[PDB]
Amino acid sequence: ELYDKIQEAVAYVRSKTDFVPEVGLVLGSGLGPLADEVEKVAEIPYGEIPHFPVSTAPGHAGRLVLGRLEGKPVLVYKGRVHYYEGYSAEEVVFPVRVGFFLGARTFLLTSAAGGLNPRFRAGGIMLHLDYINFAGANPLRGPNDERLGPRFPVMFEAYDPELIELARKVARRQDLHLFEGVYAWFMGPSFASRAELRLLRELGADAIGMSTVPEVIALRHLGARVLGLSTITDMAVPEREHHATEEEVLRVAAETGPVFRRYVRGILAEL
């Protein structure tokens, strides 16, 4: 019963704290240490929350954190879940749906992603301007509940245009080159073949990852404002020799952490 399921998840959260978040922060693979810099009021493992799917993927701690970061009330997702784990597109989006109903109307979706655009560099940061779904799944498939949003949500300006100008302004202020581009959702969990990376780039994709797009679609359905940022942990260009390993991706996510944390806190401060 999607809705009675959300309000159950909501009621269990309010049984631990009455803290109202304004800003949802989803932290991707290796990006979790930013939950530590929060001024904490409550911390809830996903496994205790009704109908929440649990993190199985490396670099995802599976913890909901509530409190103050850079003076904004925030719901931090230390970890997410992914379609490649065996979760449906619907099950993947249950956490940010709960966050929206807890009071979060602005969401920052962060990820570790591969760079398709050869002008990018590993350790770089990319602003999501738009997405492509190459995963063959959609979280809104099935009956629509009008209390969430419409049957056919408009996905133009999926990434909030005011939030991109803010991203840029902060990047400039911090003397940070900010990459911008299109994020492709690839189901995984096998990495892309050379011909798949070639195909996604030629179709207009600048970064490649296994997350984010279902949360974007689900949040726009609800009327939330969305900001997408990936740590470019590796160059996935088929005409170079090496594809990064899981170990290497999580290492560059950790190495890029300080600049990434300082950037996100700088966006939060101005929101």
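Note that residue numbering begins at 1 and tracks the sequence as displayed.
**Student:** Going by the mean C-alpha B-factor recorded in the entry, which is higher: 6-14 or 259-267?
**Tutor:** Looking at the recorded C-alpha B-factors, 6-14 comes out higher on average.
**Student:** Taking the recorded C-alpha temperature factors, which stretch has the higher mean, 193-201 or 142-150?
**Tutor:** Looking at the record's C-alpha B-factors, the answer is 142-150.
**Student:** Out of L178, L102, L109, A184, which one has a C-alpha B factor higher than all the others in the entry?
**Tutor:** Spelled out: the listed residue with the top C-alpha B-factor is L102.
**Student:** Just say lowest, middle or highest third for the CA B-factor of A42 relative to the other modelled residues in its chain.
**Tutor:** Tercile = highest for this residue's CA B-factor.
**Student:** Taking the values exactly as deposited, rank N117 by C-alpha B-factor within its chain and report the matching third: lowest, middle or highest.
**Tutor:** Answer is middle: the recorded C-alpha B-factor places it there.
**Student:** Where does the C-alpha B-factor of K78 rank in its chain, lowest, middle or highest third?
**Tutor:** Within its chain, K78 is a middle-third residue by C-alpha B-factor, going by the deposited values.
**Student:** Using the B-factor values recorded in the entry, state whether the Cα atom of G32 falls in the lowest, middle or highest third among the modelled residues of its chain.
**Tutor:** Middle third.
**Student:** How does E215 rank on Cα B-factor within its chain, lowest, middle or highest third?
**Tutor:** It falls in the middle third of the chain.
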